[PDB]
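A short worksheet on the structure shown next.
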Number of protein chains: 2
Amino acid sequence: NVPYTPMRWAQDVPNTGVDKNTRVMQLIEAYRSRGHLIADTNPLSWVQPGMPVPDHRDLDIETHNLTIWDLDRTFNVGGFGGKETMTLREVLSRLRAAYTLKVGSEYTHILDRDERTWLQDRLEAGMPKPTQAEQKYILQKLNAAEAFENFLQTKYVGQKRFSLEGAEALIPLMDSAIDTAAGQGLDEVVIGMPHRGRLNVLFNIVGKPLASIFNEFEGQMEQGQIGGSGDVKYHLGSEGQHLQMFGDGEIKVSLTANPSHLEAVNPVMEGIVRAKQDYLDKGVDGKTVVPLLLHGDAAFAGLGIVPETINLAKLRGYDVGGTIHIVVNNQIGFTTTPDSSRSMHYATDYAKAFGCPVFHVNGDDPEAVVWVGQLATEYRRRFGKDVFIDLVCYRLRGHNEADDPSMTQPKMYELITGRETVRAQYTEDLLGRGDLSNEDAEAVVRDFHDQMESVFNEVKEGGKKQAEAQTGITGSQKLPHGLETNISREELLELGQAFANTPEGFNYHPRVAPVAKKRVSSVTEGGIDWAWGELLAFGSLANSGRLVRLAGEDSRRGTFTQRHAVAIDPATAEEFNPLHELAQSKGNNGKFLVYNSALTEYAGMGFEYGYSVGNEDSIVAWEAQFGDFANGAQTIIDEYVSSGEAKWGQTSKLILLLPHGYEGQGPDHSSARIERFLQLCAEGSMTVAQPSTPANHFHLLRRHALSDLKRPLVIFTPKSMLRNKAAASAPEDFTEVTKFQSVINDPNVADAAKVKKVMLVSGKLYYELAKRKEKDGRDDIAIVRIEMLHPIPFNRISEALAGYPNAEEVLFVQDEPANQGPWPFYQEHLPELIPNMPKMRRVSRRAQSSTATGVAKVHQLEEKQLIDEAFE
Amino acid sequence: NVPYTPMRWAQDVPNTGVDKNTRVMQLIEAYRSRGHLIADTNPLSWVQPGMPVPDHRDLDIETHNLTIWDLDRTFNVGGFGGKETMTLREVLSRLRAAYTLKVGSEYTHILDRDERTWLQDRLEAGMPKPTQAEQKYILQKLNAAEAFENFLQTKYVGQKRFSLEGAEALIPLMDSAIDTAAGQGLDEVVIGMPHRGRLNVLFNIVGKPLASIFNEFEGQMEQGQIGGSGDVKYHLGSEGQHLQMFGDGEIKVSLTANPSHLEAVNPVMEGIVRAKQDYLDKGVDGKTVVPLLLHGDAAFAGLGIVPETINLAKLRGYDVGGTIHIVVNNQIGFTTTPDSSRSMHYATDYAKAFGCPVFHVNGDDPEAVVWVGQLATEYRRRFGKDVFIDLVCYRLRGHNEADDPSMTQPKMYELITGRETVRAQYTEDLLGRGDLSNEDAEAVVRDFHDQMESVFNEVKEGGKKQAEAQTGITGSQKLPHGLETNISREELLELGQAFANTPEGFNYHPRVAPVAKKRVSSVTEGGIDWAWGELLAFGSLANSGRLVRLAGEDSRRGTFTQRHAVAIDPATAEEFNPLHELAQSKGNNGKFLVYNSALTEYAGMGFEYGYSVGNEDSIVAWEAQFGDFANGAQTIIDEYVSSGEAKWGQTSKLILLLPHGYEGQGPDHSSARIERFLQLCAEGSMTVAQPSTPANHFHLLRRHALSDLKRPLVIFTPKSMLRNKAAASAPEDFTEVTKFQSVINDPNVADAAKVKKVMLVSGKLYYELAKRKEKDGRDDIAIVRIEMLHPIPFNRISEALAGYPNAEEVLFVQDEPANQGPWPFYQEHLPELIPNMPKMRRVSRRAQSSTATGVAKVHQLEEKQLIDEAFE
Ligand SMILES: CC(=O)SCCNC(=O)CCNC(=O)[C@H](O)C(C)(C)COP(=O)(O)OP(=O)(O)OC[C@H]1O[C@@H](n2cnc3c(N)ncnc32)[C@H](O)[C@@H]1OP(=O)(O)O
Ligand SMILES: CC(=O)SCCNC(=O)CCNC(=O)[C@H](O)C(C)(C)COP(=O)(O)OP(=O)(O)OC[C@H]1O[C@@H](n2cnc3c(N)ncnc32)[C@H](O)[C@@H]1OP(=O)(O)O
Ligand SMILES: Cc1ncc(C[n+]2csc(CCOP(=O)(O)OP(=O)(O)O)c2C)c(N)n1
Ligand SMILES: Cc1ncc(C[n+]2csc(CCOP(=O)(O)OP(=O)(O)O)c2C)c(N)n1
Ligand SMILES: [Mg+2]
Ligand SMILES: [Mg+2]
């Protein structure tokens, strides 16, 4: 059992052509670059049958024209090993000790010279010898891991737990990293992980009490929100503290909630870290909250969310100082082996796309694992980049504890069954080298078992409760009754002037200058448009002292060239952000931050959801280029935004701004899918709205920000109505009207006793119906608008209908096809809530498999047909 | 304007320590590895202000301790340039000519030695000098590209076209690749691409007639399906032929349809290629259909679907022999620059994760572009791997033709406005070197303009039609009236015996052997379960002579250990596929292929959709591990499966198998989201079903395969009912019952005149209600099952209800919450279709924000409450 190729027999060759010193330097370069291909990193003696084996002929001395006859000759090596001269025997010895034992390293692809040199120097010095106290501490942690697993196996046989047996070195690796961070003087560590070994990490790394875990297994579950539905035990989070064992440091440790969908926690935990860093406010030399992210081998290579999230690492609004990644490589999926899972040689090969180092380590050598953890945390602090660790290990049982893995992998489980564990091997090694006594070794086991037995007995004394029905979360948070959302006239004029107070030699571009002038004049003369209404809301909130963040694709300028939140000078390329300047000059330390995202919907929306969880007092908004591209983030909408409160008691106030409207631009630029969002709503989980005037959009945003109802808000924003002059607002609507309106009654009814038809509408189709009513002179019609879709404002609709006592018909008019839009939701729910209302009649486009037509002339013909049908 | 650093002044150094020959070899290695960092590949003199600049100190002779005083000394170079000895002046000259001009190359990261050597030899030989005929052919193609763009600009000013101006070298690059493939003797080329330059590619590469394109712009659109909705002009496909200009070869060229969602065509076009290759059947040395895939720079770096699809390249059921990728790098998104779009240095850096070569080429040197196209197509044919081309160019106008790019990028558009085009520059170069006359150069322009003017005038003679309403696609395909789907008794016994005809020294695993015995005995005694029903269907179809493909996560064994389509011997690890063996021994050349996918839902489902489009006569099925993970493929469901026929006239017969059932395993293992699928249905777009017996599943699958209705099928499959003994089927149900049943009436009604309540149910909740009816002895109840959900079988439901003439109530009973499951769809539609039916009453779980509870005791309490409510 020796892992190297034997030395071969050959004749001595002459020193002609390429010199032999050149050949020895080429050998040094080969080991530094490709020596990981023959390193002892696998605990099993296993080669997977269907995977390609890379060529490694570069690592034998024959390929470089050297022979056994050169081993005692001396050569110039140019500073290798801190020496100018050396023998080929000593060169080979050093190379093999550094690059072919229990740690394999990839770092030669890095472009910067100082980075490469730092890693090279530390890997060739070697791992320093640990003290006896340190060695005993590693043994305590290994014991805890294995003992906990065995206890659960014995007391709860059938129950699913997802064990860590085979990979118990993870616990001392994570401990090493957290301890190193505490010594650097940092503030917090945030963890995200999957199912494999979660209950072990909660107890041994985070510090969740043992009583809690035992209760979970007996069927008593901790309640997150009053009347909540809940979730399985391996999807929950917790908080704790970690004290340094051989030091005076202390750090905080947190673990985040997640669903079963793998790798969906990656963008969410990055956002939590960024929000925490921003609150501490320590600058570029800060970055004092560390992200620690765990993966599995099949998931890391397969799912596309992983590289999509790593691509945000060095961008302006997303940087968090680097991420430490750990891949638990146990050489198996569920019933699938690596030959069917990836087309890369290693699972961690995405690192080479981003220019980052990789360390592969044997999971049956605990002292090497502790060294790699320390080295990774030091690299992050110095260079501010991502680092990847590959922990090679195995899975002792099946995928779960009810499965038989021999049916599909017979030969692999001949090697696994009946091995000795990593705790047993390490105890034998320490007693052999005389580093531990037998009394000590036996105490370590006895003490921990007594602790667990004690707690278990205490938990069984208390009787088990019986099942009870779950009520719901509708009334678990209060509504802001009697809150006023208007600003003063002085405040409005100051916001307007921000666009006139340009810096010293700044000028606007000629096509942007008219927009700025209109903003300064409109706050006294009238004609405020949609974009200016939105910015007035965010600006007012930043003045009071809040952090406002807006992110999305092309969101600084606007997709429809409407926003201009940051302006650029054509002559010098200088930038200007008016509303941020005004906020910083009022002495409440408010901020307005606008960022242009990368081209992603899954990672984008996930990052903003996380920001809202990490700072409860911030105002965060994500914008989509068109609302039709939000189906690329369906996982986040379904698993986090719509359902997080009911499952885990985790609350959010994220704002989604989704453009919507039927204007003839085709099926992928027409519908944000209102029907889908209204399906997900129940128990008052989120607010859904489609306003028709800038002032009403202003009041909606301010009500959300100043209330104490911590639930999301989904708004459907316009595209063509952005520049419609019938939709503009007057200053009195921002300063004298006090509240947001959920139903707007018709403002052009002469006599209410002559009305015989009521139309209900939502959005931009109002302005067409109104136009036609004026032209034809109809005094028997009244058009009523619905601005808030969920919850249903049934008291207001009832009040409006009651104001027309001679009405015989009610029509519901929409632009969307009959199987889309708000009609399906309203035809089900509204008749129950208003019993005395006449039967409703739909007027819409016909039902369709697609969203809209692709021909523009057909669009115009349909619109004419629709409006004609409404007016008899 | 010289691009190199000047030679510096220094003293001569002594030849001590590391020898100077060693230093010259290190310089050669540096240029081969990192010389692309200083190559002349950018047409503009532009450096983006916020992007990091890599260190390239390795490429100057000072860092290797050499000086101007060494330039005329001679050194040993070890075969470089086919010489044993050389001067430092000649070495530098050759390195700079090979690695620093108009082509930059990355290939040193490749692990195989023979690959590296092949590339190295071809890049150092250089580009061969082209003939005069070849040169004139390149000028014709450049002219065509630019001329077409200018014509459309002039005749249709406001209209959106997404121009290729700035990147006209794409047309000769694509032409070079297709021409090289025709010379190799291959069969077809399949293209997928986005919006940028689509109408140009349709006319100049594929061969779509010019009349068609002009008509599109005048508002006359070609119809795909009778009564279809349509789509915008830059989303359509076409077919054509390509004849070799200087050869006797011929090849077929195809372009595929796609939506606006970027990069969603990547898995779909890979599947089309695989299906075409399988039909030709030429073996491992075949692979004679070439995939050619075009991208943009922002999309390639940002979206996660790109690397997810490249990861399928070398897997067993997905390999297509390599893909040629072209990235059109025009240094801008919409209003976003590379500093805000990626954290990689180049957009094509994913190549280094997969071990593939990259070529960067200047888009203003057309002869170099034609060489790189040829070299890439040769590499694919020899090594069977992916290859990446980065075409560096610019965008002359805005994102569309209505946008002003100076508002956000002032300095970049000072360099662009008023340049001379690539056609103009090339004409000037050829007239300078005397390779073309002026008469020739003027004819090239005049002839092409005359051609276009002719066609345009002909198109305007015919009058323009007026708009007309679109009818729908419901009746555009026929239903299979009077088709019988039963097999003979002889056929059933033969299928059973397949599991007894093991190979010579094969034995089953002890936990798989009982399943095999039961399969052999059940075809004569009874008790056929769900999995065996499914396999009997697929086997029967493979016997008749069809290619059957089944793919999904853990689909060979089954997620619930139920299928066992391939078995493994514990002693030798040999594999056995019974139903494939039987099919190949009947002389119709049928196949049963089962594959275990990688861990992806977006790329998985997309690949199977593509397979169904590329071979209309195959039976393809995709399976999900649980139906709750299908929201990861929402883009494919919404943009291709649900809506492809109505938009493009593209038909498919894909089968989705989605597990579903409420059994207490929590919110991410309970619901496949039936309500979402029933929203997407209209105009008879697809079939949705939830059967309750194995025999009925058999008949459904066979009806779909033998009919002429080319639409998808979505089935909701069980989890616990897989092993329920009340649900098993008898042999007569496969051989004497002729058709699939859409409604199954109650089989335990003694007297029909005593019934006073009818319950409607779908799925596994039948077996609980039936149980309770027997126990309590209720003869006033009748339970009726609905097996097909869409379309609604309203004639059968009416017939069933009419059979109970004294009924007073109808109850609709489901397990799902009230805002989920089939109730929302049925409460809207069924009362209209059956006017005389009593008012329906819902019995279900309460409405919820999440899918299901996380506590198991609460699940059991809810189920009891539900069944009690049903029975008064
Ligand atoms: C979904 C969420 O975010 S929380 C909703 C929780 N409650 C429910 O779902 C209960 C069922 N729903 C209902 O009874 C009704 O739909 C109501 C009461 C919410 C609204 O019906 P109406 O009375 O017709 O609506 P109206 O617009 O007059 O609202 C009444 C008050 O509720 C407030 N309100 C209503 N919806 C919201 C909301 N989403 N956020 C904040 N305040 C709200 C209004 O500001 C108003 O306050 P006021 O006292 O200052 O006038
Ligand atoms: C959705 C698709 O893929 S095709 C939809 C095309 N048709 C429509 O949408 C019309 C509207 N729908 C209807 O009129 C009704 O729902 C029907 C006629 C389709 C079915 O209603 P019922 O008559 O109650 O159902 P029933 O099960 O008896 O079907 C009658 C016949 O249609 C056939 N059929 C019904 N649905 C399908 C289907 N999805 N695929 C194949 N055949 C079908 C049955 O096999 C049967 O044929 P038979 O005469 O040989 O026995
Ligand atoms: C998005 C998604 N797809 C599929 C699944 C189903 N699933 C659960 S575990 C698993 C295997 C995971 O393998 P690996 O990442 O190696 O984890 P290990 O069990 O080895 O820790 C799969 C496919 C899932 N939970 N989420
Ligand atoms: C999935 C998706 N997200 C967003 C968009 C909106 N969008 C259309 S074009 C575009 C810019 C694409 O940039 P690039 O890939 O460089 O294309 P180019 O315009 O340079 O050809 C964006 C974000 C889209 N069509 N699809
Ligand atoms: Mg694994
Ligand atoms: Mg671009």
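Each chain in the structure tokens gets a letter, A, B, ..., in the order shown, and its residues are numbered from 1; ligands are numbered from 1 in order too.
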For residue 51 (chain A): contacts at 9 Å, only C-alpha atoms, fewer than 5 positions along chain excluded, given as a compact mmCIF listing (two decimals) with C-alpha atoms, in the first residue's frame:
# COMPACT_ATOMS: atom_id res chain seq x y z
CA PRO A 338 -20.63 11.41 -9.94
CA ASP A 339 -20.39 9.93 -13.44
CA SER A 340 -24.05 10.84 -13.97
CA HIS A 345 -13.45 16.52 -12.87
List every residue of chain B that has an atom at most 7 Å from any atom of ligand 4, and for each one report the closest atom pair and its distance in Å to one decimal, counting only C-alpha atoms and all ligand atoms, with rows sorted by chain and then by increasing residue number, as a Markdown table.
| residue | atom | partner | partner_atom_place_in_ligand_line | distance |
| --- | --- | --- | --- | --- |
| B:196 | CA | ligand 4 | 21 (O) | 5.0 |
| B:260 | CA | ligand 4 | 25 (N) | 4.9 |
| B:261 | CA | ligand 4 | 26 (N) | 3.8 |
| B:262 | CA | ligand 4 | 26 (N) | 4.3 |
| B:295 | CA | ligand 4 | 15 (O) | 6.8 |
| B:296 | CA | ligand 4 | 15 (O) | 3.7 |
| B:297 | CA | ligand 4 | 16 (O) | 4.6 |
| B:298 | CA | ligand 4 | 15 (O) | 4.1 |
| B:299 | CA | ligand 4 | 15 (O) | 4.1 |
| B:300 | CA | ligand 4 | 15 (O) | 6.8 |
| B:330 | CA | ligand 4 | 20 (O) | 5.9 |
| B:332 | CA | ligand 4 | 16 (O) | 5.5 |
| B:333 | CA | ligand 4 | 13 (O) | 3.8 |
| B:334 | CA | ligand 4 | 11 (C) | 4.8 |
| B:399 | CA | ligand 4 | 19 (O) | 5.9 |
Given only C-alpha atoms as the counted atoms, nearest of A:218, A:736, A:115, A:832 to residue 385 (chain A):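 Closest to residue 385 (chain A), using only C-alpha atoms: A:115.
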Report as a ChimeraX atom specification: the residues of region 450-666 of chain B with a DSSP assignment of alpha helix (DSSP H), based on the backbone of this structure. /B:450-461,489-497,513-525,530-544,578-584,602-614,634-636,644-648
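Going from CA of residue 327 (chain A) to CA of residue 294 (chain A) covers 6.0 Å.
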Applying 7 Å and only C-alpha atoms, which residues near residue 36 (chain B) remain after dropping the ones on its own chain fewer than 6 positions away? List them as a PyMOL selection string. chain B and resi 99-100+104-105
If you count only C-alpha atoms and all ligand atoms, which residues end up within 8 Å of ligand 1, as a PyMOL selection string? chain A and resi 474-475+477-484+682-687+703-704+707+709+711-713+739-743+790-797
Mind writing the picked residues with N, CA, C and O atoms as a CSV table (one decimal), in the first residue's frame?
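Saved the output as result.csv:
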chain,number,residue,atom,x,y,z
A,474,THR,N,-54.2,35.7,10.3
A,474,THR,CA,-54.9,36.9,9.7
A,474,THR,C,-54.8,38.0,10.7
A,474,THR,O,-54.5,39.1,10.3
A,475,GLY,N,-55.1,37.7,12.0
A,475,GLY,CA,-55.2,38.8,13.0
A,475,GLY,C,-54.0,38.9,13.9
A,475,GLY,O,-54.1,39.5,15.0
A,477,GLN,N,-51.2,40.5,13.4
A,477,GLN,CA,-50.6,41.8,13.3
A,477,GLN,C,-51.7,42.8,13.1
A,477,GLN,O,-52.7,42.5,12.5
A,478,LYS,N,-51.5,44.0,13.7
A,478,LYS,CA,-52.5,45.1,13.7
A,478,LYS,C,-52.4,46.0,12.5
A,478,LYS,O,-51.4,46.1,11.8
A,479,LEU,N,-53.5,46.6,12.1
A,479,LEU,CA,-53.6,47.5,11.0
A,479,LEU,C,-53.5,49.0,11.5
A,479,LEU,O,-54.0,49.3,12.6
A,480,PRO,N,-52.9,49.9,10.7
A,480,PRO,CA,-52.6,51.3,11.2
A,480,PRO,C,-53.9,52.1,11.0
A,480,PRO,O,-54.0,52.9,10.1
A,481,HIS,N,-54.7,52.1,12.1
A,481,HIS,CA,-56.0,52.9,12.0
A,481,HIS,C,-55.7,54.3,12.4
A,481,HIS,O,-55.1,54.6,13.4
A,482,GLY,N,-56.1,55.2,11.5
A,482,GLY,CA,-56.0,56.7,11.7
A,482,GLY,C,-54.6,57.2,11.6
A,482,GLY,O,-54.2,58.1,12.3
A,483,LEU,N,-53.9,56.8,10.5
A,483,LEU,CA,-52.6,57.3,10.2
A,483,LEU,C,-52.6,58.2,9.0
A,483,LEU,O,-53.3,57.9,8.0
A,484,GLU,N,-52.0,59.4,9.1
A,484,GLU,CA,-52.1,60.4,8.1
A,484,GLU,C,-50.7,60.5,7.3
A,484,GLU,O,-49.7,60.5,8.0
A,682,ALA,N,-53.8,34.4,0.9
A,682,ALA,CA,-54.8,33.9,1.9
A,682,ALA,C,-54.3,34.3,3.3
A,682,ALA,O,-53.1,34.4,3.5
A,683,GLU,N,-55.3,34.5,4.2
A,683,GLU,CA,-55.0,34.8,5.6
A,683,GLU,C,-54.3,36.2,5.7
A,683,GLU,O,-53.6,36.4,6.7
A,684,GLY,N,-54.6,37.1,4.8
A,684,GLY,CA,-54.0,38.4,4.7
A,684,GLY,C,-52.5,38.3,4.7
A,684,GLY,O,-51.8,39.0,5.5
A,685,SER,N,-51.9,37.5,3.8
A,685,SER,CA,-50.5,37.3,3.7
A,685,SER,C,-49.7,38.4,3.1
A,685,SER,O,-48.6,38.7,3.6
A,686,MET,N,-50.2,39.0,2.0
A,686,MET,CA,-49.6,40.2,1.4
A,686,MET,C,-50.6,41.1,0.8
A,686,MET,O,-51.8,40.7,0.6
A,687,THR,N,-50.2,42.3,0.5
A,687,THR,CA,-51.1,43.4,-0.1
A,687,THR,C,-50.8,43.5,-1.6
A,687,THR,O,-49.6,43.6,-2.0
A,703,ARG,N,-47.9,54.7,3.5
A,703,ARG,CA,-48.6,53.9,4.5
A,703,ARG,C,-47.9,52.7,4.9
A,703,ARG,O,-47.9,52.3,6.1
A,704,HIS,N,-47.3,52.0,3.9
A,704,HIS,CA,-46.6,50.8,4.1
A,704,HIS,C,-45.4,51.0,5.0
A,704,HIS,O,-45.1,50.2,5.8
A,707,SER,N,-46.4,52.1,8.9
A,707,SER,CA,-47.2,51.3,9.7
A,707,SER,C,-46.4,50.2,10.5
A,707,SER,O,-45.2,50.3,10.4
A,709,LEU,N,-47.4,46.9,10.2
A,709,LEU,CA,-47.8,45.6,9.6
A,709,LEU,C,-46.7,45.1,8.7
A,709,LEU,O,-46.4,45.7,7.7
A,711,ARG,N,-45.7,42.9,6.4
A,711,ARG,CA,-46.0,42.0,5.3
A,711,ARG,C,-45.7,42.6,4.0
A,711,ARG,O,-45.6,43.8,3.9
A,712,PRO,N,-45.4,41.8,2.9
A,712,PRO,CA,-45.0,42.4,1.6
A,712,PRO,C,-46.0,43.1,0.9
A,712,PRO,O,-47.2,43.0,1.2
A,713,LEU,N,-45.6,43.9,-0.1
A,713,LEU,CA,-46.4,44.7,-1.0
A,713,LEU,C,-46.1,44.5,-2.4
A,713,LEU,O,-44.9,44.7,-2.8
A,739,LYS,N,-55.1,60.5,3.2
A,739,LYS,CA,-55.0,59.0,3.2
A,739,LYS,C,-55.1,58.4,1.8
A,739,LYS,O,-55.4,59.1,0.9
A,740,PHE,N,-54.7,57.2,1.7
A,740,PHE,CA,-54.8,56.4,0.5
A,740,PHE,C,-56.2,55.9,0.2
A,740,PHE,O,-56.9,55.6,1.2
A,741,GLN,N,-56.6,55.9,-1.0
A,741,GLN,CA,-58.0,55.6,-1.4
A,741,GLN,C,-58.0,54.2,-2.0
A,741,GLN,O,-57.1,54.0,-2.9
A,742,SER,N,-58.9,53.3,-1.6
A,742,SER,CA,-59.0,52.0,-2.1
A,742,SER,C,-60.0,51.8,-3.2
A,742,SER,O,-59.9,50.9,-4.1
A,743,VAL,N,-61.0,52.7,-3.2
A,743,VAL,CA,-62.0,52.8,-4.2
A,743,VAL,C,-62.2,54.3,-4.6
A,743,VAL,O,-62.4,55.0,-3.6
A,790,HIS,N,-56.2,43.0,-3.2
A,790,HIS,CA,-56.2,42.2,-2.0
A,790,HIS,C,-55.6,42.9,-0.9
A,790,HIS,O,-54.5,43.4,-1.0
A,791,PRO,N,-56.3,43.0,0.3
A,791,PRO,CA,-57.6,42.5,0.6
A,791,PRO,C,-58.7,43.2,-0.2
A,791,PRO,O,-58.5,44.3,-0.7
A,792,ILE,N,-59.9,42.6,-0.2
A,792,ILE,CA,-61.0,43.2,-1.0
A,792,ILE,C,-61.6,44.2,-0.1
A,792,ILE,O,-62.1,43.9,1.0
A,793,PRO,N,-61.7,45.5,-0.6
A,793,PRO,CA,-62.4,46.5,0.1
A,793,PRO,C,-63.9,46.5,-0.1
A,793,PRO,O,-64.4,47.3,-0.9
A,794,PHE,N,-64.6,45.6,0.6
A,794,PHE,CA,-66.0,45.3,0.2
A,794,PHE,C,-66.9,46.3,0.9
A,794,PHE,O,-68.0,46.5,0.4
A,795,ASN,N,-66.5,46.9,1.9
A,795,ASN,CA,-67.3,48.0,2.6
A,795,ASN,C,-67.4,49.2,1.7
A,795,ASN,O,-68.5,49.8,1.6
A,796,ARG,N,-66.3,49.5,1.0
A,796,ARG,CA,-66.3,50.7,0.2
A,796,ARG,C,-67.0,50.5,-1.1
A,796,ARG,O,-67.7,51.4,-1.6
A,797,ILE,N,-66.9,49.3,-1.7
A,797,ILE,CA,-67.6,48.9,-2.9
A,797,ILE,C,-69.1,48.9,-2.6
A,797,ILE,O,-69.9,49.4,-3.4
Let me make sure I understand: among B:788, B:872, B:625, B:468, which one has the smallest atom-to-atom distance to ligand 3 if we use only C-alpha atoms and all ligand atoms?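 The closest residue to ligand 3 is B:625.
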Check the smallest atom-to-atom distance from each of B:213, B:407, B:320, B:721 to chain A using only C-alpha atoms, then report the winner.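 Using only C-alpha atoms, chain A sits closest to B:407.
Of all the residues in region 235-288 of chain A, the ones DSSP labels as strand (DSSP E or B) from the backbone are residues 238, 239, 240, 241, 242, 243, 250, 251, 252, 253, 254 and 255 of chain A.
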What would the file look like if the residues just selected were written as an mmCIF file, in the first residue's frame with C-alpha atoms?
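Output contents, as saved in selection26.cif:
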data_model
loop_
_atom_site.group_PDB
_atom_site.id
_atom_site.type_symbol
_atom_site.label_atom_id
_atom_site.label_comp_id
_atom_site.auth_asym_id
_atom_site.auth_seq_id
_atom_site.Cartn_x
_atom_site.Cartn_y
_atom_site.Cartn_z
ATOM 1 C CA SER A 238 -31.286 29.873 15.747
ATOM 2 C CA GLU A 239 -28.833 32.316 17.392
ATOM 3 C CA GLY A 240 -25.960 31.926 19.887
ATOM 4 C CA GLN A 241 -22.521 33.017 21.172
ATOM 5 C CA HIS A 242 -19.068 31.442 20.807
ATOM 6 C CA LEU A 243 -16.244 31.988 23.309
ATOM 7 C CA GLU A 250 -16.179 36.335 21.621
ATOM 8 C CA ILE A 251 -18.354 36.253 18.477
ATOM 9 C CA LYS A 252 -22.050 35.871 17.604
ATOM 10 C CA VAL A 253 -23.306 32.920 15.498
ATOM 11 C CA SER A 254 -26.575 32.753 13.526
ATOM 12 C CA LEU A 255 -28.297 30.160 11.298
#
Selected residue of minimal separation from chain A among B:368, B:71, B:174, B:315, counting only C-alpha atoms: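 When distances to chain A are compared using only C-alpha atoms, the smallest one comes from B:315.
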For residue 566 (chain B): contacts at 10 Å, only C-alpha atoms, fewer than 4 positions along chain excluded, given as a PyMOL selection string: (chain A and resi 408) or (chain B and resi 555-557+575-580+594-595)
Shell of 8 Å around residue 371 (chain A), only C-alpha atoms, local chain residues under 3 positions omitted, as a list in words: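 Those residues are residues 127, 176, 367, 368, 374 and 375 of chain A.
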Go ahead and dump the residues you just picked, C-alpha atoms, as a PDB file, in the first residue's frame.
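And here's selection31.pdb as it stands now:
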ATOM      1  CA  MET A 127       1.275  22.478   9.062  1.00  0.00           C
ATOM      2  CA  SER A 176     -11.726  26.272  13.631  1.00  0.00           C
ATOM      3  CA  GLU A 367      -5.434  17.911  12.355  1.00  0.00           C
ATOM      4  CA  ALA A 368      -5.170  18.724   8.660  1.00  0.00           C
ATOM      5  CA  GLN A 374      -7.615  28.501   9.717  1.00  0.00           C
ATOM      6  CA  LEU A 375      -5.794  29.134   6.443  1.00  0.00           C
TER       7      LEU A 375
END
Distance query residue 284 (chain A) at most 12 Å, only C-alpha atoms, self and fewer than 5 positions along chain excluded, as a ChimeraX atom specification: /A:277-278,316,319-321,384
Using only C-alpha atoms, find the one residue out of A:114, A:281, A:349, A:638 that sits nearest to chain B. A:349
Counting only C-alpha atoms, which residue out of A:803, A:230, A:667, A:209 sits closest to residue 455 (chain A)?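 Residue with the minimum atom-to-atom distance to residue 455 (chain A): A:209.
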Could you name the residues that touch residue 505 (chain B) at 12 Å or less, counting only C-alpha atoms, but leaving out those on the same chain fewer than 5 positions away, as an MDAnalysis selection string? chainID B and resid 569:576
Separation of CA of residue 224 (chain B) from CA of residue 257 (chain B), in Å and rounded to one decimal: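 Between these atoms lies a distance of 11.8 Å.
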